[PDB]
Amino acid sequence: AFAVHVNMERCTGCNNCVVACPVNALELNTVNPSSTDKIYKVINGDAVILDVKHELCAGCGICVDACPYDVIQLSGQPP
Amino acid sequence: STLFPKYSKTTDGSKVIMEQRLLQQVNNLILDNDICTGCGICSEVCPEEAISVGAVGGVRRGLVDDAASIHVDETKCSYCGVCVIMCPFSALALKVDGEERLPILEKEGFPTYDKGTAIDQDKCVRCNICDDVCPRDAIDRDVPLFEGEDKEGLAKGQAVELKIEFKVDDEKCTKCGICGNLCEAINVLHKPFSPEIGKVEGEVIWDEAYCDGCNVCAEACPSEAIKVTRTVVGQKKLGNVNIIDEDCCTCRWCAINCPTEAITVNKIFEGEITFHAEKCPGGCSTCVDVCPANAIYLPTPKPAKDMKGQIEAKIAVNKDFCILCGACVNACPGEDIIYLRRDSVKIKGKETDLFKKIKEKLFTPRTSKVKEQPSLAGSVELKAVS
Amino acid sequence: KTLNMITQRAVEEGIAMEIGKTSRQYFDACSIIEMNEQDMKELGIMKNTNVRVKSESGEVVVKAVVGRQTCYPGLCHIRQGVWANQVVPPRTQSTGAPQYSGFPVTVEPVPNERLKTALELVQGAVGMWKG
Amino acid sequence: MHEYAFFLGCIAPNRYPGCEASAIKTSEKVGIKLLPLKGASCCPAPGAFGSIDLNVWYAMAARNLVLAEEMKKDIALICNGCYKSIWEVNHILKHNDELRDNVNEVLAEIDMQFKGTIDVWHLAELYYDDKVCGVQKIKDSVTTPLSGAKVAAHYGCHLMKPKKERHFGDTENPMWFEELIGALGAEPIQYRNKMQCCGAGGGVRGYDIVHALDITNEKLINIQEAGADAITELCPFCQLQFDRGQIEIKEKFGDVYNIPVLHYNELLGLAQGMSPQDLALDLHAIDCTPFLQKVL
Amino acid sequence: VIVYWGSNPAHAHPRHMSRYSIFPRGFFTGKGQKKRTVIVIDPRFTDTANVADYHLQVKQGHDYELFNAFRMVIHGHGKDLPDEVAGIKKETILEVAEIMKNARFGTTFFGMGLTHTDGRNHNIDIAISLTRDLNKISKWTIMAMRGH
Ligand SMILES: Nc1nc2c(c(=O)[nH]1)N[C@H]1C(S)=C(S)[C@@H](COP(=O)(O)OP(=O)(O)OC[C@H]3O[C@@H](n4cnc5c(=O)[nH]c(N)nc54)[C@H](O)[C@@H]3O)O[C@H]1N2
Ligand code: SF4
Ligand code: SF4
Ligand code: SF4
Ligand code: SF4
Ligand code: SF4
Ligand code: SF4
Ligand code: SF4
Ligand code: SF4
Ligand code: SF4
Ligand code: SF4
Numbered sequence: 063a064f065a066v067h068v069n070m071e072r073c074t075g076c077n078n079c080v081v082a083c084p085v086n087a088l089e090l091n092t093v094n095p096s097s098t099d100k101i102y103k104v105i106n107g108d109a110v111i112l113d114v115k116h117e118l119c120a121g122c123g124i125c126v127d128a129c130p131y132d133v134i135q136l137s138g139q140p141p
Numbered sequence: 002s003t004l005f006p007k008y009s010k011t012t013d014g015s016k017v018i019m020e021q022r023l024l025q026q027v028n029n030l031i032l033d034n035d036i037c038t039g040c041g042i043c044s045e046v047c048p049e050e051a052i053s054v055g056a057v058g059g060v061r062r063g064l065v066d067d068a069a070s071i072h073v074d075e076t077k078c079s080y081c082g083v084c085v086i087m088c089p090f091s092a093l094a095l096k097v098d099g100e101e102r103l104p105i106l107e108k109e110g111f112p113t114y115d116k117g118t119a120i121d122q123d124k125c126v127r128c129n130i131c132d133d134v135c136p137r138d139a140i141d142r143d144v145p146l147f148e149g150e151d152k153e154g155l156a157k158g159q160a161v162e163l164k165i166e167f168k169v170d171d172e173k174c175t176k177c178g179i180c181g182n183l184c185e186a187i188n189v190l191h192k193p194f195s196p197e198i199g200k201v202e203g204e205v206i207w208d209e210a211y212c213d214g215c216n217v218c219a220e221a222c223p224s225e226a227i228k229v230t231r232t233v234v235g236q237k238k239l240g241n242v243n244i245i246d247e248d249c250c251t252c253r254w255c256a257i258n259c260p261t262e263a264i265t266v267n268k269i270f271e272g273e274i275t276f277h278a279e280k281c282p283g284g285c286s287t288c289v290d291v292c293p294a295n296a297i298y299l300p301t302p303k304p305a306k307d308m309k310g311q312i313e314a315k316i317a318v319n320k321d322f323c324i325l326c327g328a329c330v331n332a333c334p335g336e337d338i339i340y341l342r343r344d345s346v347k348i349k350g351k352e353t354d355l356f357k358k359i360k361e362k363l364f365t366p367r368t369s370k371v372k373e374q375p376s377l378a379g380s381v382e383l384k385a386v387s
Numbered sequence: 005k006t007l008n009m010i011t012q013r014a015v016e017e018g019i020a021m022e023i024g025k026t027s028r029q030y031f032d033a034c035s036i037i038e039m040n041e042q043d044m045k046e047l048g049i050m051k052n053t054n055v056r057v058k059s060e061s062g063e064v065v066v067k068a069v070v071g072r073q074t075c076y077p078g079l080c081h082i083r084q085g086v087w088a089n090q091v092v093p094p095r096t097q098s099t100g101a102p103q104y105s106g107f108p109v110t111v112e113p114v115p116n117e118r119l120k121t122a123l124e125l126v127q128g129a130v131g132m133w134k135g
Numbered sequence: 001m002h003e004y005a006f007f008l009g010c011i012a013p014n015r016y017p018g019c020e021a022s023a024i025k026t027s028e029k030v031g032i033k034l035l036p037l038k039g040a041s042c043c044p045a046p047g048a049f050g051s052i053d054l055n056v057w058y059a060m061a062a063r064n065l066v067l068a069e070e071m072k073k074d075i076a077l078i079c080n081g082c083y084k085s086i087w088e089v090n091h092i093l094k095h096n097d098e099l100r101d102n103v104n105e106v107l108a109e110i111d112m113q114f115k116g117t118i119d120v121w122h123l124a125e126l127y128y129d130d131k132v133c134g135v136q137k138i139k140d141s142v143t144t145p146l147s148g149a150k151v152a153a154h155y156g157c158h159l160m161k162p163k164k165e166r167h168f169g170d171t172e173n174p175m176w177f178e179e180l181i182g183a184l185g186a187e188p189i190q191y192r193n194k195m196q197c198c199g200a201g202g203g204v205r206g207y208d209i210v211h212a213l214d215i216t217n218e219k220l221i222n223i224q225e226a227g228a229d230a231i232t233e234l235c236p237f238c239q240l241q242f243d244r245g246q247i248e249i250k251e252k253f254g255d256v257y258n259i260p261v262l263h264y265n266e267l268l269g270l271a272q273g274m275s276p277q278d279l280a281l282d283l284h285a286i287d288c289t290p291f292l293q294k295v296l
Numbered sequence: 149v150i151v152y153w154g155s156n157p158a159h160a161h162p163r164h165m166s167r168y169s170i171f172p173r174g175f176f177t178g179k180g181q182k183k184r185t186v187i188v189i190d191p192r193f194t195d196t197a198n199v200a201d202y203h204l205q206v207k208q209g210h211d212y213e214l215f216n217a218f219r220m221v222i223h224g225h226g227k228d229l230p231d232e233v234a235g236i237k238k239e240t241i242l243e244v245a246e247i248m249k250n251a252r253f254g255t256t257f258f259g260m261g262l263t264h265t266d267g268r269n270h271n272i273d274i275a276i277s278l279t280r281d282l283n284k285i286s287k288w289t290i291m292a293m294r295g296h
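Protein chains in written order, with the deposited numbering: chain L, 63 to 141; chain K, 2 to 387; chain J, 5 to 135; chain b, 1 to 296; chain H, 149 to 296.
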């Protein structure tokens, strides 16, 4: 239930934070999908986090490790 | 107001130090963030409900800086030290004044875990497998380091107890340096050359501490002067191998893989963990990355002409090595891929009503969850399975 | 000093051209040297200061910065565009692909000199610089 | 992109133009748009002009306010003294009716009325606010780390004091400006009596230069003892004092510090990659070259 | 296995990685990225190299010698390599070559690193020769990073 922050100023729209998030990958890549909500979607060229109320993230670091030009900061402390 | 109950929480390097000042008495709950594994056996056990669990996967992978695996509300903590006794991999310590001091054990008010480690030194053979497989840096092979990777601990030939005899023909020692221009045992000394005799004359000195049955120098002798022999006296066992007991986590990897069955480890927890592979969303090897006992694996994809219509699993576990910690469950971002349930903790020390409560807390089944409540954002909440 | 050099891409550069080849965004994105920190110290180049990149087939005054994409000691880099092609040598080796990456160049710290805009560069190379 | 009228008083445009240039560039890089104010003048400088006549102080500050009122925009400032004049006259004339009346019948001779419809902000206040560009956005925009530099902050007096008249919180040991310097990557250091006046306020800079310089020298001694490599500031008065006054201290006394004095907007430009020539660091009395060697 | 030889998808083709090469979870690659080995070769430490798992920081212009080293390794007597080739060290060469040999289905992408340096087309054709040689024991497919 952590909080992710995306630096819009250096986001290129690469979409490798959307493809690599394992909560996004739940809908289409799971047998009998449990939850179909998504943290990121690239609207107007930058990654927007729809997870406003910080309910779905799991601090996995797959998205921080994925962005090619580090731009996603993961906060492990309560918002 | 009043100031002197000074509550502080400082991140001194890699140790998160949580403190309570007084004039002369302090209280230091120190968490070593390099050893924490993200299990919650410190949050389930906290009598005072202060320890919460944070971004386990990110912290255990190094992608998080402003947090540890666990957050302790040092205003609520009571410095009992139950967390320090009940943490399987000792990554939490209590220091009262300046020394690691556990009053509850000093008064025998709490049982401790019976990891029960031991290495029968009359059976271990100084092998290197147990140090190699042990996931946690906790097996110590006290063994002089022979020619492998270093200068000889004693010598290649003294790693075994052998019996060798070397003899020469002073009648045929031309005193060329070949005998010791090869072995490090043969040292030929040419005593100074004087026209008195007008000849070369010295001595060939052979030391046991460097020989072998190599016998190369027999025929490296231009004149046939040399002889040798060999055999072992029983057993060698140079050094000792034993287990650090405050670091071992009952994985059974070294016991399962020891060549001579000389290691006696018993798992602290008992139960069962199941993986519903069909619910893993693929590229999320967080569970693999955070498992302390490396029980989890990504099942290797088969080659072609061998798949046989069965495609592959996405994740699985080795129940032989799983220690029922819970880091996998705390880290998985999935919904219910993992099912964890512990049935019996193994202890020494008698019992307590508090310990029965803690057993009841540790033994409730749990599984992952997506979309937990926002009011507790910044921590983890699992699913209670009926 | 010989300081081998390459000319490559960047997202800010692509973004800039699609804003427009005559835009302040394009100017800012392309007028850039991305060299090594060790080379900058050894040459004597203050970070974020104009510098004279002069190869055998031209010359250009370009801002000198340090790039995240770590160039090893002895490499330069201009984001491709007007400024880089002011200095790219035209040798093709009978293939039609000019030496767009890997031509020697000398670098001279020359602050207090302005940068030339894209229009000024091209229209003055041709002889059309009305403004 | 939030839009503000950019007041731009006397010292930044006419002595330290790099400050205003970096202000516009860095504010545009973060989500802020700084629009020129049409025919703005000296905010009647609160010391040297308020000491003479409070009524003409009110009238001139109100004229500056009604320019941006006609523009229908919120003022943005980069000077603590200009903040005092503009913001405080705005606040006083939003609540005091007889003073509104007096200023309005003075301004009616130039076809111009004050109604009190806009708000006044300091640029650092905007950089700190979370609705507008926040500390995290500043960290995002920073592209040159400026690491390994000890930097001493001078808050000034007219931004934060009196706390019964402002809304910035504690005046005894604020840390907000230290967070903006920490965002840039430079480590802000703490020195003795960090909240002391620089000595240039109230017209003392002009009336008694030796007195003002002694007040400044107390600060410079503390800052050198701490070990600063530059002094950030949010006021062109204080920058002028700390910059000229180092030279006047070197000549009137025998004290040498050679500590560069930079506006926070100039440091923000340096962090975001602007060139020293584009910041006009050659227009300062005290050479910035050692600091540039350290941070570049 | 995925090789980006002389290319920089992060800045040239931004959604190449998230659409075609690395991160998508395919049919036979259901595990996604975590079973893909990504090797990036170029003198810079580009953003593609940040995302990658290996990196062969090669001297600019020596890719022909690098390819020849790889192909001698593949043809089998790779012991005749010098101590280092093109700035790359022989053990790392052997590491990447072993990964390439064991690849179930590989793919090589190339760009300006090969088409704009010394030996414009000979770099590309030694790359294609390497691919044709690898298809002896594995399946490998060169592919050009076309721009517009
Ligand atoms: N934003 C943006 N995107 C673009 C373009 C653009 O202009 N702007 N251009 C488009 C078009 S026209 C092109 S053709 C494509 C091509 O773009 P790419 O083919 O992907 O090549 P580059 O982006 O130029 O980066 C090439 C990489 O090869 C490295 N390199 C340089 N010399 C050598 C060498 O000698 N050996 C090796 N191994 N590597 C070397 C370079 O450092 C660089 O990392 O991009 C397209 N995408
Ligand atoms: S940390 Fe994991 S779950 Fe959270 S947004 Fe990133 S990839 Fe998704
Ligand atoms: S991976 Fe990074 S650059 Fe790409 S869209 Fe996500 S945040 Fe932006
Ligand atoms: S290892 Fe587990 S029980 Fe021990 S401190 Fe870390 S999270 Fe708590
Ligand atoms: S010392 Fe006791 S109260 Fe404090 S965190 Fe540990 S278990 Fe909880
Ligand atoms: S694995 Fe067994 S035999 Fe080998 S060193 Fe360890 S204890 Fe001894
Ligand atoms: S090599 Fe043979 S002949 Fe020479 S000194 Fe030794 S034993 Fe004697
Ligand atoms: S038998 Fe071998 S090891 Fe022994 S002295 Fe001769 S050469 Fe040396
Ligand atoms: S018993 Fe298991 S966990 Fe403990 S040291 Fe041996 S291998 Fe490691
Ligand atoms: S497999 Fe066992 S040891 Fe590994 S994380 Fe899961 S419960 Fe813990
Ligand atoms: S079990 Fe959890 S950590 Fe492992 S692949 Fe599935 S979602 Fe990812």
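Here a beta-carbon is modelled for each residue, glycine too, at the ideal position from N, C-alpha and C.
Contact between the region 13-28 of chain b and the region 252-271 of chain b is established, with three or more Cβ pairs separated by less than 8 Å. Counting only the Cα atoms, H/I150 lies some 13 Å from H/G180.
K/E313 belongs to the set of residues whose beta carbon lies under 8 Å from a beta carbon in chain H. With a beta-carbon spacing of about 13 Å, K/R61 and K/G41 fall beyond the 8 Å limit used to define contacts.
Neighbourhood of b/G273 in chain J, by CB distance below 7 Å: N52 and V69, in chain order. By the criterion of at least three beta-carbon pairs nearer than 8 Å, the region 272-291 of chain K is in contact with the region 311-328 of chain K. Counting other Cβ atoms within 10 Å of its Cβ, K/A256 reaches 16 or more and is therefore classed as buried.
Contact with chain K is found for H/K183, since one of that chain's Cβ atoms lies less than 8 Å from the residue's Cβ. Per DSSP, reduced to three states, the secondary structure at J/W87 is helical. Note on H/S166: 16 or more other CB atoms within 10 angstroms of its CB, so buried under the neighbour-count rule.
With contacts defined as CB atoms closer than 8 Å, H/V188 and H/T194 qualify as a contacting pair.
Secondary-structure assignment with DSSP links J/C80 through a beta bridge to J/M9. The Cβ of J/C34 sits no closer than 8 Å to any Cβ of chain H. Just so you know, the alpha carbons of J/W87 and J/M50 end up roughly 20 Å apart. Judged by DSSP secondary structure, H/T279 falls within the alpha helix (DSSP H) whose first and last residues are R268 to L282. Under the Cβ criterion (8 Å, minimum of three pairs), the region 156-175 of chain b does not count as touching the region 130-137 of chain b.
Around the beta-carbon of H/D273, fewer than 16 other beta-carbon atoms lie within 10 Å, marking it exposed. The region 28-45 of chain b and the region 101-113 of chain J do not touch, with fewer than 3 CB-CB distances between them shorter than 8 Å.
When the five nearest sequence neighbours on each side are left out, the beta carbons in the same chain lying within less than 8 Å of the beta carbon of K/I130 are those of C255, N258, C259 and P260, in order along the chain. Within the model, the alpha-carbon separation for b/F7 versus b/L240 is close to 19 Å.
Contact between H/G235 and H/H203 does not hold, since their C-beta atoms are separated by about 12 Å, which reaches or exceeds 8 Å.
For L/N69, the neighbours in chain b by C-beta distance under 7 Å run, in chain order, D140.
Beta-bridge annotation (DSSP): K/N241 is paired with K/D143. One Cα belongs to K/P6, the other to K/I18, and the distance between them is close to 16 Å.
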